[PDB]
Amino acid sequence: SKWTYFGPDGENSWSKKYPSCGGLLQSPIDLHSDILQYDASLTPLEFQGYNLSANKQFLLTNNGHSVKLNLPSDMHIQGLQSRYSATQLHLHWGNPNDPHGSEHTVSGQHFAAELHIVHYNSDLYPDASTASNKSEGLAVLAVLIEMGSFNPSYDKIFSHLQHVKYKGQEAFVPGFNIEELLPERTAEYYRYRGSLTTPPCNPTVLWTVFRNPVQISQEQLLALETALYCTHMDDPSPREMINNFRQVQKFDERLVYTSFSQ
């Protein structure tokens, strides 16, 4: 992975090395009325094993493209047609002079950032790597993040950023209740078939984007936007980890189904 979000190896070039990035069913997308349709079969998901013990600890890693927290496979979503077990969460964001780095947009507007909690079909596959090539192998929960009030739950992650500033660095984060990262009224969401938003852009993701955003503060966004580097600690051409979101994609005839009718 030397793909980036900026310059010659940025997103308009990813398809040169990752053919699925130029394929169908790409994410993210702009959620707007013309392509929305209510589906009453979109019943509420249940979040099981999301309340991670505070006496356990979970690995936080800078992977050169985002900051990721590994999650245990006992954490799962109930309500899809298979069990989906968590593998990791991570974020996408903008930069200090333009804090508008969500991946999905709503009626053309970016949010400040976006959280993805990646799960894989553990009823069918031994791990997320294997699932990532298969029909609906992954399911991602996406939370839109807007600049607002300080959020103590997101700070359980952000308080460790200065320990994972460079590519390959790892830290441990005590467990906390991951459901605290989700917004109000999780029963209201958008659902569509899409892809990884990063290389290798496999069109194998069932996306759930919650309708309501959460808030984190300006100071928490500024920490997220200034603490991290895409490059290793000893790299003589450092690159700040900023603006790590993909532009929205054409719809390719897809609709987005909504669990809310208004």
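Sequential numbering from 1, following the sequence displayed. Heads up, when I say rigid core I mean the largest set of C-alphas that superpose within 1.5 Å between the two forms.
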Larger mean CA deviation from the shown form in 8 other deposited structures of this protein [core fit; 126-134 vs 188-196]: 126-134
Do you reckon 25-33 or 233-241 strays further from the shown form in 8 other deposited structures of this protein, measuring C-alpha RMS after a core fit? 233-241
With reference to the PDB entry, specify whether the mean Cα temperature factor is higher for 89-97 or for 67-75. 67-75
Could you check which stretch, 209-217 or 49-57, carries the larger mean CA temperature factor in the entry? 49-57
Would you mind checking which of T186, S153, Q162, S102 has the top Cα temperature factor in the PDB entry? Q162
Checking the entry, which one of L196, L224, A40, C230 has the top C-alpha B factor? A40
State the tercile, meaning the lowest, middle or highest third, of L115 with respect to the CA B-factors recorded for its chain. lowest
For the chain shown, is the CA B-factor of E11 in the lowest, middle or highest third of its modelled residues? lowest
Comparing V143 with the other modelled residues of its chain, is its CA B-factor in the lowest, middle or highest third? lowest
By its CA B factor, does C201 count among the lowest, middle or highest third of the modelled residues in the chain? lowest
When the modelled residues of the chain are sorted by Cα temperature factor, does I29 land in the lowest, middle or highest third? lowest
